[PDB]
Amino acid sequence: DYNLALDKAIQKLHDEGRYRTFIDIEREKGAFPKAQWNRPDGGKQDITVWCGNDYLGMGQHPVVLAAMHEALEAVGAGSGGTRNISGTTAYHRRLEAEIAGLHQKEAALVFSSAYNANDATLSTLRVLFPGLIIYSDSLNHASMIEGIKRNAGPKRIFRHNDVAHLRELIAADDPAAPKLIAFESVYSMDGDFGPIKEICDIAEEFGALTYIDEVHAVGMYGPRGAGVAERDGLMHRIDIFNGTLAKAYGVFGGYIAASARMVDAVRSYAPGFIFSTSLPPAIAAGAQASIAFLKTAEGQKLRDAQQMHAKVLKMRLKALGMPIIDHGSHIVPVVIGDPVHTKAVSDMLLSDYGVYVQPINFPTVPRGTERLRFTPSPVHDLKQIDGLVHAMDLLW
């Protein structure tokens, strides 16, 4: 009985308090962070989005949108093919060039998403480097874990940010074996930073490749938004960059950036790259325009505003005695530690106060660390922050 099995699988989620109820919204372009909440009763309510990943409000930026509207009128809705069969366009090459330039790399490769970029690249690296041992941070994103486990091969999990542990593991292994160390610059849920310099030092000592996921940093850190490696001057020490175009860049898609050899090899061997339709030209146009804008001094102004708003939100919430985990990033987690109560707090914030902060539970965060994750942006002014705080105070 297939239906019984499905019923059991679903019940297990309810029993663990982690069954997820999605909130149907429509963000109001030109008025971010405002959205219309399409309620389950059929009603419509204005809300403030407080948990999204469009960190800099680039989703409503006129230069991004102008580029997208233009592309649609020039070449139409989609590419109509894979990169190999009619789906390689000028918009794809120009995008890849912008990305490569962002990370000061020879080349770059766009995928349908950063999830796909990670999963396809990490798994294909095992094929390209027979015997590859992948060393992975215990809190690495699912896309990386999935790519690492995908093709059979050695993996070693190191304790989160624990470079002494990483060293212990790498030193125990066959020195002749090829090696790659996979980690993040900014971890999505805690909002803490990866120890990029120390990992690069280990990698040089043990002759390993470095693979960094900067998905939660691109657009937001460094003087041109190239990420935390750019902020800290370590870009040249990273072999492969993984990033997304769907978060601070405000559009959709993902990428790797690396040497021309690395990129040419991955694109020639990765099934996830080869056997899927290329990104729509309009998406590629918008993303490129977003990347280019964020490399400028005008882009720096949005980063400065984000950091200032994040700082202020954190002050205000600490002032209440909220349990906020503050690692110094733009991410503002409030840990509840129970999946059911996290949903209850989130539900009451939404329905009674028009504050939308999705409850975050397993498998996105470890069991018992369920939380609300605030993502203050340049469009969340000091008055919105005030309004949120007040709602949180009233709610306790």
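Counting begins at 1, following the sequence as shown.
Undergrad: Compare the mean C-alpha B-factor of 333-341 with that of 42-50 as given in the PDB entry, and name the stretch with the higher value.
TA: Taking the mean C-alpha B-factor of 333-341 and of 42-50, the larger value falls to 333-341.
Undergrad: Tell me which stretch has the larger mean Cα B-factor in this entry, 282-290 or 193-201.
TA: Comparing 282-290 with 193-201, the higher mean C-alpha B-factor belongs to 193-201.
Undergrad: Comparing recorded Cα B-factors across 222, 253, 154, 250, which one is largest?
TA: If I rank 222, 253, 154, 250 by C-alpha B-factor, first place goes to 154.
Undergrad: Out of 206, 241, 269, 115, which residue has the highest Cα temperature factor in the PDB record?
TA: So the option with the highest C-alpha B-factor is 206.
Undergrad: Per the entry's values, where does residue 327 land by CA temperature factor relative to the rest of its chain, in the lowest, middle or highest third?
TA: Its C-alpha B-factor belongs to the middle third of this chain's values.
Undergrad: Compared with the other modelled residues in the chain, in which third is the CA B-factor of residue 147?
TA: Ranked within chain, residue 147 CA B lands in the highest tercile.
Undergrad: Using the temperature factors of the C-alpha atoms in this entry, rank residue 357 within its chain: lowest, middle or highest third.
TA: Ranked within chain, residue 357 CA B lands in the middle tercile.
Undergrad: When the modelled residues of the chain are sorted by Cα temperature factor, does residue 78 land in the lowest, middle or highest third?
TA: Its C-alpha B-factor, which the entry lists for residue 78, ranks in the middle third among residues of this chain.
Undergrad: Could you tell me which third, lowest, middle or highest, the C-alpha B-factor of residue 61 occupies within its chain?
TA: For residue 61, whose C-alpha B-factor we compare with every modelled residue in the chain, the answer is the middle third.
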